[PDB]
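Asks: My questions all concern the structure below.
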4 protein chains.
Amino acid sequence: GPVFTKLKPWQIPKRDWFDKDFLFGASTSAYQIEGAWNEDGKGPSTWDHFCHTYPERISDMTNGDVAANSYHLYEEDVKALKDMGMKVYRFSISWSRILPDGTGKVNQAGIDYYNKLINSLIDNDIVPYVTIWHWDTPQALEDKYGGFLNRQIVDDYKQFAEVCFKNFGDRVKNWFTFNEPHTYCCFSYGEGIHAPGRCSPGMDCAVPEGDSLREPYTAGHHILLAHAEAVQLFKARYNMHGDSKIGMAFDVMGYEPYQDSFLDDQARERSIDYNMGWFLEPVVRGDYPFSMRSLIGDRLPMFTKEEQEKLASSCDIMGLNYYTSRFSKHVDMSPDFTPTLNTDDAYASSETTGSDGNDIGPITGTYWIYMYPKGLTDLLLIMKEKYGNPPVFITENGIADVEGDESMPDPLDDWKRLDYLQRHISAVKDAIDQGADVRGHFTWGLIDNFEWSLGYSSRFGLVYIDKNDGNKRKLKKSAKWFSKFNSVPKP
Amino acid sequence: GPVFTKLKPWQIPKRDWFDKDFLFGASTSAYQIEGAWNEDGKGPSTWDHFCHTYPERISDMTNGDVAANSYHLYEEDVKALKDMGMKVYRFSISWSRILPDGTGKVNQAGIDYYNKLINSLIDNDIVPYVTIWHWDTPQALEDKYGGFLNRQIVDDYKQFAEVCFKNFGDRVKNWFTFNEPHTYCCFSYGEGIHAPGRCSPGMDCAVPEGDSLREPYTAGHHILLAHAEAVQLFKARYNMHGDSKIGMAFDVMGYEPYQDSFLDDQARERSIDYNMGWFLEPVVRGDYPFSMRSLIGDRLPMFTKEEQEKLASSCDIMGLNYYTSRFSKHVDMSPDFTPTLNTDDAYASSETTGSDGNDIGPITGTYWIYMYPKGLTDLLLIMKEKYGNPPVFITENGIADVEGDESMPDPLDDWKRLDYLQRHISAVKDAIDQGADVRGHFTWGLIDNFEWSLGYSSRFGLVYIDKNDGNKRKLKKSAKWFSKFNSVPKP
Amino acid sequence: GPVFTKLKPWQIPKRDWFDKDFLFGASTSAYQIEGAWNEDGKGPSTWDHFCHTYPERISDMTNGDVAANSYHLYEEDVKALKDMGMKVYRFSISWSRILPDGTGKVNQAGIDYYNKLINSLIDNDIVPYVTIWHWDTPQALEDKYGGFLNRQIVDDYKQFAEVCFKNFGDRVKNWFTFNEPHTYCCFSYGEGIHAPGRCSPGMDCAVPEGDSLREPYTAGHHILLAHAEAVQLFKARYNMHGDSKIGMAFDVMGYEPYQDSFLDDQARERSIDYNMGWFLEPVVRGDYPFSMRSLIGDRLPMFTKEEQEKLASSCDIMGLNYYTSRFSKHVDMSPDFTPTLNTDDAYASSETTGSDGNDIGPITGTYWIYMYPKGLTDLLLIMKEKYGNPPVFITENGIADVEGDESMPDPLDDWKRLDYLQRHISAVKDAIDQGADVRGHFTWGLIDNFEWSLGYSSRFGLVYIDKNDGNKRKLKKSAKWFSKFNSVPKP
Amino acid sequence: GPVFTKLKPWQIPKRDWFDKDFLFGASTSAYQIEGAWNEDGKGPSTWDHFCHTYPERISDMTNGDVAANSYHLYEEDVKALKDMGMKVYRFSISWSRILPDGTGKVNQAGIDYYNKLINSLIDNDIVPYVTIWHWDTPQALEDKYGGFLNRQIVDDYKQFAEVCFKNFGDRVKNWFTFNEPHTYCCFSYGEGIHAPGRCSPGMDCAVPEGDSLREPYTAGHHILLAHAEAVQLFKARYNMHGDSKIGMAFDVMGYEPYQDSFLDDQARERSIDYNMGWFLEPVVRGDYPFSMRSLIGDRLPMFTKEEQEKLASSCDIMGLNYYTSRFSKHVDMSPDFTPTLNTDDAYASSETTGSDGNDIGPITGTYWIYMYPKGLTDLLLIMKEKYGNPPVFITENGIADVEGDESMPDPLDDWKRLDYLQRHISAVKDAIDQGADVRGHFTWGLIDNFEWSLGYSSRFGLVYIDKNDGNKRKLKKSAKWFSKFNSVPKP
Ligand SMILES: COc1ccc2c(c1)O[C@@H](O)C(=O)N2O
Ligand SMILES: COc1ccc2c(c1)O[C@@H](O)C(=O)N2O
Ligand SMILES: COc1ccc2c(c1)O[C@@H](O)C(=O)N2O
Ligand SMILES: COc1ccc2c(c1)O[C@@H](O)C(=O)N2O
């Protein structure tokens with residue numbers, strides 16, 4: 001209640017199910033764990049600003065001022081990774097901590113911080129996978145020209161990326177330019193629940209002075225142009241040894257047709273195109289999915305010939321952030337339907353319940369994460385069969401334990417998260433068995449952190465952060481399983 | 001609410017989906033529609049007695065004294081079949097109306113009645129499929145020796161069958177000896193909710209003086225012996241022209257493993273063996289499923305060598321009464337589990353909800369009918385691959401509209417029943433496409449009737465019986481669809 | 001005569017058919033090769049006692065007093081492994097040589113012996129896979145409380161295992177707690193042809209004072225409890241580095257339905273459950289196969305809740321000892337069949353000839369080994385699809401050349417054994433190609449040895465032991481093939 | 001002993017397994033059943049001559065002088081067909097009875113005989129399928145020019161066929177020009193065990209004055225030319241109504257590779273080409289199989305351009321006479337192998353035992369009929385996939401009960417033949433289920449008859465001929481099964 005059946009013991013993945021080269025790790029992002037939001041010269045980001053100006057927009061009225069205080073306690077994060085036997089740590093670099101004014105003078109204190117983290121990871125035999133931007137825009141640029149809604153963001157991002165390549169490229173060999181562009185554009189400029197919090201007039205978000213049918217696409221277009229410029233520069237001047245890789249991390253939901261009919265089959269394809277294709281197809285072929293152009297038209301910016309060429313094949317590795325799936329239900333084009341939110345442009349509504357009336361899968365805690373591992377395997381095979389089978393890493397995967405869930409009284413006894421993770425790791429094995437080029441699995445939530453609009457009410461970590469006991473790191477049941485899974489020598 | 005998605009129009013079956021020889025029809029049973037329970041010399045049956053002595057055991061305190069009064073209004077039943085274009089009518093002969101005392105003097109009035117019905121059907125180009133026994137035991141035999149719990153029932157049934165063969169065999173060429181032996185044994189001697197209403201002491205049924213772990217098997221064993229004797233006689237003296245067929249109708253539920261594990265796969269097989277195999281395997285190979293003998297042992301009677309030989313291959317046609325499916329959940333053998341009800345002997349609990357927490361399918365009205373057409377196709381393929389692919393007729397299939405269902409205010413607007421039927425007819429097509437030898441589909445409920453322990457609160461008919469307007473027959477939406485489906489010429 | 005067709009040359013396996021990590025080796029057991037049965041303080045085992053008290057029970061009236069004298073000539077065994085290029089040597093530790101009295105004082109001479117063997121193997125780049133118990137029970141414990149028929153065997157075995165872990169665990173990282181529990185229980189307590197030689201009164205074995213329907217299950221139950229205790233201790237205190245593995249080696253025969261019918265399909269599953277499932281299912285899920293509990297009932301001991309939990313997932317690696325296959329023929333439950341031997345409980349007779357009258361495969365020398373490589377591939381896929389695809393090693397595989405076989409005049413020209421081995425190695429390749437997690441192949445018979453009740457009349461070795469020439473080790477044709485297969489540099 | 005397992009009862013074919021148009025029947029041939037060898041002007045055939053001149057060449061020293069005396073007792077043959085419910089009777093017309101001198105004056109008594117048989121069959125609702133030639137050559141032509149070894153046989157056969165078309169074509173609408181040309185050429189001119197009994201000098205046959213490497217091919221070539229001429233004439237002048245069909249009946253054995261290797265796969269194809277392709281490929285494409293031409297060369301006559309065109313597509317229906325299968329073992333071309341018998345030209349020896357030492361199937365009575373129904377299904381699929389899926393009739397299928405077989409003491413209790421037939425009828429169903437265009441099944445042996453070189457020692461009939469009781473026809477167990485199978489009304 002809710003009924004949650006666990007895998008039978010012989011169905012639990014073993015490390016040897018994957019080859020020696022496969023990589024298991026965990027992920028975090030700068031604003032979600034660092035804290036020290038105004039320390040040592042760091043400038044404010046769009047999220048610092050959003051939380052400080054519209055605090056009510058965060059469920060529990062919290063923010064990332066301190067978070068898990070990883071700016072000061074990173075050694076404990078490294079320790080947690082080591083204790084679990086993880087071989088990779090995916091983290092992000094705070095743009096505003098490196099370049100307080102977005103552009104200009106680099107903050108040496110910021111550079112020193114990441115060098116410490118990187119060196120500690122390497123000293124502990126953990127490989128760093130770095131996300132350059134994680135919704136982390138310097139408020140200075142937001143104020144100056146509207147951040148990602150202005151073309152200037154392209155060159156400014158490029159210069160930021162270069163600072164990262166020059167200072168950390170000698171040790172960091174795997175990069176992700178952007179994290180979840182679809183999630184970002186949808187929630188930051190469509191619904192407006194995320195910083196900068198914009199939406200169309202009449203809608204309910206912090207700043208209803210935007211356009212939910214246009215700003216999301218404008219921001220996404222600049223993200224892609226920024227990505228293209230950064231990768232071009234990287235391949236030209238920062239991969240001289242030929243052993244570095246750069247890609248992007250996409251948020252992706254699996255989709256099943258709502259009802260067995262060719263109409264929902266078509267709707268399903270539109271959903272995938274909109275959720276995943278929006279940003280994946282451009283980095284693969286140099287243009288947006290045909291479905292999007294045919295439905296969004298003039299509201300979706302056109303790429304020039306050279307831009308399309310720069311974008312095509314601009315990803316060495318593809319990161320997939322997978323949590324759940326939905327049923328795709330066809331919506332007809334008629335005068336009875338008029339798009340108002342960008343998501344309406346797919347003409348396919350995402351449903352949590354199918355035609356037979358059943359939820360797609362068991363709820364896992366937070367309202368939007370329904371467990372459906374099959375969805376991940378399906379997406380991985382699409383990457384294989386449709387997009388050339390490029391190197392794919394599951395850069396995020398996991399569930400949240402929520403405040404107030406009576407079925408989760410002990411924050412360390414996360415058997416549900418463990419079962420979910422084991423099932424998805426098994427789903428990855430299935431994809432690999434079927435030929436998909438999957439190279440790793442990074443659990444989202446090395447540690448509990450700031451879950452954006454839901455604050456700290458949602459705990460996604462393998463490792464508990466005891467907020468009332470000095471933000472102490474405490475291994476949960478899931479974390480202990482990884483220690484065993486990875487054969488970490490015991491004391 | 002409950003969400004009930006209908007088939008897309010191009011997915012609706014057409015008559016031409018099936019060959020010219022395929023047969024569409026409808027079914028009823030004597031006690032459920034006839035009425036005239038004590039008219040023209042008819043003796044009381046176990047159901048007359050059960051209802052009259054323990055009226056409270058019927059949900060709405062009703063009985064079959066009058067029912068749809070088909071004893072007098074059969075011409076209207078024939079008319080309904082004709083109006084729908086049905087080619088077959090499956091009905092049963094009331095033992096107590098033919099032989100008031102179970103044995104002895106035949107009631108000519110009873111014989112005249114069925115001859116009228118049979119001749120009317122033939123005059124209207126409808127083929128009669130006759131069920132000899134439909135839970136219809138003469139109370140005279142119940143009182144004399146305990147009915148089906150005594151070996152004497154074997155020869156008495158045989159003589160009854162012979163009366164039917166001699167009087168109707170010249171026109172009736174398709175017979176079913178017994179209807180749903182599993183349902184009958186389980187509910188009449190296990191739970192005791194059906195006549196004679198017996199169960200183990202301490203249990204809640206009309207007469208808790210039986211044994212829920214033994215009487216069900218004793219009754220079933222006599223049913224099989226009776227069947228064997230009747231068929232032997234039939235093939236020896238009543239099929240001289242070689243164009244008659246005799247079989248049995250089995251109640252069957254589809255089963256899916258509760259959780260994906262070899263344990264529930266094994267449980268599923270035990271469920272099928274218990275629900276279907278109990279009576280099907282004996283008529284096929286001459287003995288009960290191995291699983292049942294291994295778990296029931298001494299409580300399951302042994303067949304002699306000649307009895308096994310008589311039973312083996314004793315069915316020309318197999319009738320499958322299908323309504324719903326269940327998940328099968330493995331139960332371990334241990335001192336913590338002790339069978340008390342016969343159904344416990346399968347060591348597999350039937351669940352309406354699966355491991356992922358989802359119901360097997362949408363509820364259709366009455367509490368036990370969850371829609372799952374896939375289950376039928378699966379059972380039909382088991383008949384094909386495991387039991388020799390004998391001729392199979394879907395002798396019953398349908399749903400109930402229940403009193404008090406706010407989502408079913410107009411008894412004639414049965415679009416739900418129609419959708420359900422179209423989906424199952426399509427499921428049969430799938431089985432046929434896959435090689436299953438399915439010869440027909442008979443909707444259960446030519447007309448609304450007495451639904452045993454639920455009285456008239458459950459309406460299963462394609463044709464409405466207006467109880468407050470002289471039991472008038474009124475075609476429901478589903479019935480009208482069949483008129484179109486069968487291309488009945490319009491007035 | 002008997003016609004023995006060999007593989008075509010292009011069908012012979014090459015080492016490169018398997019990956020670099022795959023392991024090829026050979027196996028032996030303590031009583032079968034060591035000799036020195038009473039040397040340096042060694043106490044007598046159940047086999048020393050059995051042979052010395054009932055010598056007539058061994059075909060050629062021989063015993064393991066000297067065997068291949070590996071206690072003194074182990075360096076020659078290591079040399080043979082090196083000459084063949086084997087990477088693994090699976091051998092067993094003699095309980096009675098380590099603990100002469102079963103419990104108590106450890107025999108340092110015994111410890112020194114195995115340390116010498118282990119160190120020599122490591123010096124020669126051969127990895128030791130150690131079987132802790134190989135039917136090798138100290139007679140002291142047999143006399144004291146009946147050995148494996150008494151619960152005390154559980155803790156005593158545990159202490160023995162601990163002595164092994166403490167003394168050899170620093171170099172030995174792969175263990176097997178028990179060897180062929182099914183074979184052992186069946187022949188030692190069922191038919192009684194193996195030590196201690198017990199069977200039911202009236203039967204023909206050395207000591208017909210037991211119970212062939214109960215002692216086999218009692219012994220097996222204690223073996224499983226002993227295994228569970230030993231593994232719990234091992235994982236808790238002897239795998240601190242996390243690089244050690246412990247499992248069990250099961251004797252397994254492949255099975256094909258005698259006749260194509262669902263009955264023999266069911267019989268086949270019962271045969272697999274009885275031959276393999278008896279001990280495999282408990283170490284996988286913590287309980288015996290449902291089929292066995294349903295047929296053996298009170299004669300098969302129940303596991304407590306904590307015991308089931310200790311047993312579940314108590315195997316890191318699964319060893320499969322495969323030699324041949326049989327047809328499984330269904331046996332009905334009836335008063336005409338009454339179990340007297342434990343093997344009767346499966347209600348499936350093992351037949352060497354099928355329904356069409358053909359033997360399952362060509363005889364290879366000894367009466368029970370019919371060649372059927374397909375059977376191995378089938379079992380390996382069952383491990384994959386049904387039991388979670390755990391790490392599997394073929395811990396035994398091979399054939400015997402028998403005394404008196406006119407078609408085998410030169411003991412070194414074992415082309416038959418070679419062909420058999422090549423075919424089974426190819427069968428393993430097939431399983432691996434189909435996804436089975438097979439990690440190695442160990443030929444049973446590094447050297448000819450004491451074949452229990454058949455004495456030295458059966459030669460299973462890749463390497464000949466010239467009994468009349470000082471037990472000299474001489475490479476047979478098969479051994480020479482391995483030298484080539486493994487690319488051993490030539491002199 | 002020999003172990004002969006029967007089908008399980010639910011695996012026995014039912015008539016309804018096949019569609020209404022499928023045809024079940026039985027077959028015979030003129031010399032094998034007629035008798036009256038010199039009655040009413042009939043001239044002697046090559047078989048009359050062979051038996052009368054070399055009586056020792058028949059196992060039991062018998063001949064066809066009287067046989068089953070069907071010339072006088074044909075009404076009893078028709079009765080047997082009727083009693084079994086057969087819809088088709090395949091019989092042959094005796095050339096020497098119609099044209100005593102091979103050419104010239106037609107024997108009206110002969111014409112009257114067949115008209116009586118044909119009319120009786122039609123009066124009894126049985127369709128006649130007529131074989132024009134069944135090894136039945138008039139000795140007059142043998143003496144005049146060597147029968148089938150001379151080109152003159154072509155026009156003479158043509159004129160004979162025309163007599164048949166003109167006299168019987170108004171009622172007979174299905175014809176077979178020749179029966180088993182491969183069997184005939186091999187045994188009559190290769191081994192010489194059949195009339196005229198020729199073989200190479202030095203060999204053991206009645207007249208070792210031929211050439212086993214050439215006469216078989218010369219005879220076969222003339223058979224094909226004769227066939228082509230007869231069909232051309234038939235289609236041009238005797239199928240004006242367009243409802244008649246003419247084809248050929250081929251003896252065919254199934255083949256499996258002796259050992260799993262590409263060499264035996266190639267050998268298998270050569271075996272099929274030689275056994276079946278020899279005569280089938282010419283009537284399909286107008287030339288012999290490439291394999292035969294490449295290996296036989298100058299010894300295999302070349303077809304002219306017009307002859308190839310006449311032969312191509314010269315069969316409306318294909319008759320397959322199937323009894324058994326063999327393993328095909330590759331034979332290399334080398335100076336160590338020199339063909340001496342025509343069968344040697346396939347460079348593939350037919351083996352009854354496979355590489356694993358097992359017979360292909362259970363012996364059924366006579367030495368050459370090993371039961372292997374799979375072989376038939378395989379051949380039927382080759383007809384479908386390779387030769388265009390033409391209409392195929394199983395024109396012969398069955399087994400012999402042999403004199404002296406202690407396991408067959410009662411000639412009427414032919415349960416073995418029944419099981420064999422049920423299995424092959426089931427094999428046909430399999431082929432049909434897989435798309436093969438199979439139109440009927442004719443059991444060889446309507447009645448026991450003269451089995452050529454084995455005389456009456458081999459009984460192939462569904463109906464027993466009591467030779468000591470006036471050649472009385474007595475239905476065997478198999479025949480009675482067909483009565484039930486075909487639903488023949490009982491008396
Ligand atoms: C529907 O609400 C969300 C859907 C997806 C996300 C979300 C919130 O916030 C984080 O958990 C995240 O990384 N993604 O991708
Ligand atoms: C679970 O309750 C029932 C299950 C099956 C049945 C039932 C009641 O009564 C009739 O509807 C019937 O024909 N069957 O088969
Ligand atoms: C049927 O006789 C035997 C069956 C199996 C075995 C046996 C004897 O003794 C050894 O060869 C052995 O290791 N096994 O597994
Ligand atoms: C190997 O001996 C024979 C092989 C085939 C045949 C044969 C004898 O004689 C008849 O039975 C026959 O019709 N054929 O086809």
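Please note that chains go A, B, ... in the order of the structure tokens, that every chain numbers its residues from 1, and that ligands are numbered from 1 in the order shown.
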Within 10 Å of ligand 1, which residues show up when you count only C-alpha atoms and all ligand atoms? List them as a PyMOL selection string, please.
Replies: chain A and resi 28-29+134+179-184+186-187+193-194+250-253+320-324+366-369+396-400+444-445+450-454+458+460
Asks: Keeping only C-alpha atoms, write those residues as a short mmCIF file (atom, residue, chain, number, x, y, z; two decimals), in the first residue's frame.
Replies:
data_model
loop_
_atom_site.label_atom_id
_atom_site.label_comp_id
_atom_site.auth_asym_id
_atom_site.auth_seq_id
_atom_site.Cartn_x
_atom_site.Cartn_y
_atom_site.Cartn_z
CA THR A 28 24.99 15.66 -8.55
CA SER A 29 24.83 19.25 -9.82
CA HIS A 134 23.24 22.63 -15.18
CA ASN A 179 22.00 19.10 -18.80
CA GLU A 180 18.39 18.36 -19.76
CA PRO A 181 17.69 21.16 -22.26
CA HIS A 182 14.11 19.91 -22.75
CA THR A 183 13.32 19.93 -19.03
CA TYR A 184 14.95 23.36 -18.72
CA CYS A 186 9.76 23.48 -20.62
CA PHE A 187 9.86 24.38 -16.92
CA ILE A 193 8.18 26.74 -12.35
CA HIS A 194 11.98 26.89 -12.70
CA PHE A 250 19.15 14.62 -22.26
CA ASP A 251 16.15 14.15 -20.00
CA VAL A 252 14.07 11.33 -21.49
CA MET A 253 10.82 9.60 -20.62
CA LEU A 320 20.35 9.79 -20.93
CA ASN A 321 18.66 10.92 -17.71
CA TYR A 322 15.87 8.37 -17.26
CA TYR A 323 13.33 8.15 -14.44
CA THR A 324 9.92 7.17 -15.76
CA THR A 366 7.33 11.55 -5.67
CA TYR A 367 4.20 12.13 -7.79
CA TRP A 368 5.85 11.94 -11.22
CA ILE A 369 8.07 8.88 -10.93
CA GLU A 396 20.83 9.96 -14.21
CA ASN A 397 18.45 7.29 -12.88
CA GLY A 398 16.75 6.92 -9.50
CA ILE A 399 13.79 7.81 -7.29
CA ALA A 400 12.88 10.18 -4.50
CA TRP A 444 21.04 10.35 -9.74
CA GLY A 445 21.59 11.28 -6.21
CA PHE A 450 17.99 20.49 -3.44
CA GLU A 451 15.24 19.16 -5.71
CA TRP A 452 14.49 22.51 -7.32
CA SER A 453 10.83 23.57 -6.91
CA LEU A 454 10.30 20.82 -4.33
CA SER A 458 12.42 15.06 -2.09
CA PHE A 460 17.10 11.26 -4.25
#
Asks: Find the residues near residue A:228: any atom within 12 Å, counting only C-alpha atoms, skip ones fewer than 5 places away on the same chain, and give them as a ChimeraX atom specification.
Replies: /A:154-155,157-158,161,177-178,221-223,233-235,246-248,279,282-284,286,303,306-315
Asks: Please produce a file of the residues just selected, as a compact mmCIF listing (two decimals), in the first residue's frame, where the atoms kept are C-alpha atoms.
Replies:
# COMPACT_ATOMS: atom_id res chain seq x y z
CA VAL A 154 26.23 31.71 -27.27
CA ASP A 155 29.66 33.34 -27.20
CA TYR A 157 28.89 30.25 -22.84
CA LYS A 158 31.68 29.42 -25.27
CA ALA A 161 33.46 26.41 -21.55
CA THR A 177 27.91 20.74 -22.37
CA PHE A 178 24.32 20.99 -21.11
CA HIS A 221 17.92 27.17 -30.03
CA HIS A 222 20.59 29.20 -28.25
CA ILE A 223 21.54 26.17 -26.14
CA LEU A 233 36.42 24.79 -30.07
CA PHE A 234 36.97 21.67 -27.95
CA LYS A 235 37.74 19.38 -30.89
CA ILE A 246 32.27 15.76 -25.15
CA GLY A 247 28.52 15.32 -25.37
CA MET A 248 25.17 16.32 -23.91
CA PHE A 279 17.79 18.29 -28.73
CA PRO A 282 20.02 18.41 -33.89
CA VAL A 283 23.29 17.08 -32.44
CA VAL A 284 22.91 14.01 -34.63
CA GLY A 286 21.97 19.10 -37.54
CA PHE A 303 19.43 26.74 -38.52
CA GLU A 306 26.90 26.17 -41.49
CA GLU A 307 25.11 25.87 -38.15
CA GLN A 308 23.52 22.58 -39.21
CA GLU A 309 26.92 21.29 -40.26
CA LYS A 310 28.50 22.36 -36.96
CA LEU A 311 25.71 20.67 -35.00
CA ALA A 312 25.67 17.41 -36.95
CA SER A 313 27.82 14.76 -35.26
CA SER A 314 28.66 17.14 -32.39
CA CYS A 315 28.36 14.48 -29.67
Asks: Provide as a PyMOL selection string the residues of chain B at most 12 Å from chain A, counting only C-alpha atoms.
Replies: chain B and resi 1-11+258-264+353-364+370-373
Asks: Please, which residues of stretch 51-176 of chain A, numbered as in this document, come out strand (DSSP E) from DSSP, as a ChimeraX atom specification?
Replies: /A:88-92,127-133,174-176
Asks: Using only C-alpha atoms, which residues sit within 6 Å of stretch 375-387 of chain D once same-chain residues fewer than 5 positions away are excluded, as JSON, numbers by chain?
Replies: {"D": [254, 325, 427, 431, 436]}
Asks: Tell me which protein, DNA and RNA residues are within 10 Å of residue A:237, counting only C-alpha atoms, leaving out same-chain ones fewer than 4 positions away, and put them as a VMD selection string.
Replies: chain A and resid 162 165 to 166 231 to 233
Asks: Would you mind exporting the chosen residues as an mmCIF file, in the first residue's frame, restricted to N, CA, C and O atoms?
Replies:
data_model
loop_
_atom_site.group_PDB
_atom_site.id
_atom_site.type_symbol
_atom_site.label_atom_id
_atom_site.label_comp_id
_atom_site.auth_asym_id
_atom_site.auth_seq_id
_atom_site.Cartn_x
_atom_site.Cartn_y
_atom_site.Cartn_z
ATOM 1 N N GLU A 162 35.514 27.360 -22.451
ATOM 2 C CA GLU A 162 36.955 27.400 -22.663
ATOM 3 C C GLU A 162 37.716 27.520 -21.344
ATOM 4 O O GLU A 162 38.770 26.902 -21.174
ATOM 5 N N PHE A 165 37.817 24.060 -20.053
ATOM 6 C CA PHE A 165 38.746 23.212 -20.799
ATOM 7 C C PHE A 165 40.198 23.528 -20.452
ATOM 8 O O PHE A 165 40.993 22.626 -20.199
ATOM 9 N N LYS A 166 40.545 24.812 -20.442
ATOM 10 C CA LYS A 166 41.917 25.211 -20.148
ATOM 11 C C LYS A 166 42.388 24.857 -18.749
ATOM 12 O O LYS A 166 43.523 24.425 -18.567
ATOM 13 N N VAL A 231 31.742 22.725 -28.719
ATOM 14 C CA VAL A 231 32.306 21.479 -29.221
ATOM 15 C C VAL A 231 33.325 21.738 -30.338
ATOM 16 O O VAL A 231 34.383 21.106 -30.382
ATOM 17 N N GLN A 232 33.015 22.674 -31.228
ATOM 18 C CA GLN A 232 33.933 22.994 -32.318
ATOM 19 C C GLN A 232 35.274 23.413 -31.727
ATOM 20 O O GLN A 232 36.328 22.924 -32.138
ATOM 21 N N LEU A 233 35.221 24.308 -30.745
ATOM 22 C CA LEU A 233 36.422 24.790 -30.071
ATOM 23 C C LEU A 233 37.156 23.648 -29.367
ATOM 24 O O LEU A 233 38.381 23.539 -29.450
#
Asks: Just list as a ChimeraX atom specification whatever in stretch 22-78 of chain B DSSP marks as helix (DSSP H, G or I).
Replies: /B:30-33,46-53,55-57,70-78
Asks: So how many Å separate atom CA of residue C:426 and atom CA of residue C:20, to one decimal?
Replies: 16.5 Å
Asks: Could you tell me how far atom CA of residue C:213 sits from atom CA of residue C:257, in Å to one decimal place?
Replies: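 The value is 25.2 Å.
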Asks: With distances taken over only C-alpha atoms and all ligand atoms, which residue among B:249, B:333, B:205, B:280 lies nearest ligand 2?
Replies: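 Using only C-alpha atoms and all ligand atoms, the shortest distance to ligand 2 belongs to B:249.
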Asks: Separation of atom CA of residue B:219 and atom CA of residue B:149, in Å?
Replies: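 Rounded to one decimal, the two atoms are 5.0 Å apart.
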Asks: Find the residues near residue A:57: any atom within 12 Å, counting only C-alpha atoms, skip ones fewer than 4 places away on the same chain, and give them as a VMD selection string.
Replies: chain A and resid 47 49 to 53 61 to 63 192 to 197 204 to 207 452 to 455
Asks: Residues near residue C:404, anyone? I mean within 12 Å using only C-alpha atoms, not counting same-chain ones fewer than 3 positions away, as number ranges by chain.
Replies: C: 365-366, 401, 407-411, 457-459
Asks: With a distance cut-off of 9 Å and only C-alpha atoms, select the neighbouring residues of residue C:38, excluding the residue or stretch itself and same-chain residues fewer than 4 positions from it, and output the selection as a tab-separated table (two decimals) with N, CA, C and O atoms, in the first residue's frame.
Replies:
chain	number	residue	atom	x	y	z
C	42	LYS	N	46.89	-39.24	9.33
C	42	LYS	CA	45.57	-39.18	8.71
C	42	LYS	C	44.62	-40.21	9.31
C	42	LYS	O	45.00	-41.36	9.52
C	43	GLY	N	43.38	-39.79	9.57
C	43	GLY	CA	42.39	-40.70	10.11
C	43	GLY	C	41.62	-41.34	8.98
C	43	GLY	O	41.66	-40.85	7.85
C	44	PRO	N	40.89	-42.44	9.24
C	44	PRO	CA	40.13	-43.09	8.17
C	44	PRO	C	38.86	-42.33	7.80
C	44	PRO	O	38.23	-41.71	8.66
C	65	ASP	N	43.68	-46.99	-1.03
C	65	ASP	CA	44.84	-47.01	-0.14
C	65	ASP	C	46.02	-46.26	-0.75
C	65	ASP	O	46.70	-45.50	-0.07
C	97	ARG	N	42.23	-36.16	6.63
C	97	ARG	CA	43.67	-35.92	6.64
C	97	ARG	C	43.95	-34.63	7.41
C	97	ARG	O	45.03	-34.46	7.99
